[PDB]
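For this one, two forms of the same chain are given in structure tokens, first as structure 1 and then as structure 2.
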Structure 1
């Protein structure tokens, strides 16, 4: 029995959650990041070197906003990627580049913050050094992600079909799934990614901000709160993500389970994931006052 699913992958009333929530995250992740771009190109003391890093994160979040969350927006309510294979792979690759770049600039910003405080006297950096780091982040955002774009293409479900919204008639589905000829080895590529993108960044972001905390008490409580809030954001906002994707290559789920999670809870997971990019500009712009002036 060829699976004739409905074109509308959710209830028309249920889809309201997806559209409205993604609209809320989109409006701010777009406007706030455009403003953050503007604030750095508005004053002569924004030509300093740290604002290169906050611009790194601003551009990363701008790419997230433009591509990534609309990409998952299409994937949820409606059926297989209709823009075509080339577009689907390009969009999926932008997704990975953006995510990796965001986490890497979080790590780099934490590095920069750490060096400034833990050691009072330090010739920390210059335009050249920080620029090099920016580009290093970008290379690693492409390289650690290269195995992702290595195998994507389009999985022609075929066994599954769609009730075309025009007349609720048959319409074979071809989602933009990964065409991995060596699917077996990918069960650990996700494991390496889990470490490299969540824990190694989580480990670092823990140690540097923690050491800043101890060094600073050895009036200003706003920055102490800033440190903890930023740490918790990456601790419990990208938390369910890796849990979910790792679960795929780990303990298998029931069929009904896999259906329920991958259909309804995973969009919520992506909401939290893109929430990091959406909350990055407010946090790193209003927590500072060299921009608030």
Structure 2
């Protein structure tokens, strides 16, 4: 068969570019204003500030390493880069997403300790640095198997044909090659459990405990409302991406349905996830009261 660069009409394509660009900018501005206050303030080096800075770093890494590449893959027919860039992009995107999620979990842990256990000793800065190191290391090795094996195989059924002079080029796909589907299934399952199930369960459990212990004032209602908002955001923003992953991994989807979902709602799921990553520093720096000094 054949395929063409600039896959579809310029209207919806430009809509995709405008939306993704929006997320990017929002992410740039929020993360920059979050990071600038931390470095400029020597005294703002407490444990919670360190965790917020780590979240900002992870969100910047998510943004500038995931949104551009994902936009190009959804705007250029086929995979337009090489194998080394393929491995690098996959590794950095996965590590960044995992680090952002685990930094959210660590922030929830720090908040949980401050309320339900007020008399326990406060976490030391060395403990915060150790926790950050474990977060980064766990993010590295959770999906290292997905990064060691990516060899940018090409397909021969169709041709890129470019956009000028109908220059035929091989179509490239950066899909991983599991020797069979069993380890594909189990790996996607453990990734699901370790990125969405366990982190969301931990966050909601500690936030529920915080609310329960807090209910035992006017501004306290603001605190519980903010916690509920954060938890519901982490549910809703990441729900569709993992839902599409789950549906496209198991069950039995016909090629037409798989094509339509991949080209229509999968970019929407990525947009939601990147919006979550871009709004994380917004809320964690603006709704954070000691930042508003």
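Between two forms, the rigid core is defined as the largest C-alpha subset superposing within 1.5 Å. Numbering follows the first chain given and starts at 1.
If you line up the core, which of 180, 189, 138, 209 has a CA that moves 2 Å or more between structures 1 and 2?
It is 180.
By the 2 angstroms cut-off, has the C-alpha of residue 81 moved between structures 1 and 2 once the rigid core is superposed?
Yes, because once the rigid core is superposed, the C-alpha of residue 81 moves 2 Å or more between structures 1 and 2.
Would you look up how far the C-alpha of residue 27 moves between structures 1 and 2 when the rigid core is overlaid, in angstrom?
That residue's C-alpha is offset by 0.4 Å.
After lining up the core, report the Cα displacement of residue 12 between structures 1 and 2 in Å, one decimal place.
That residue's C-alpha is offset by 1.4 Å.
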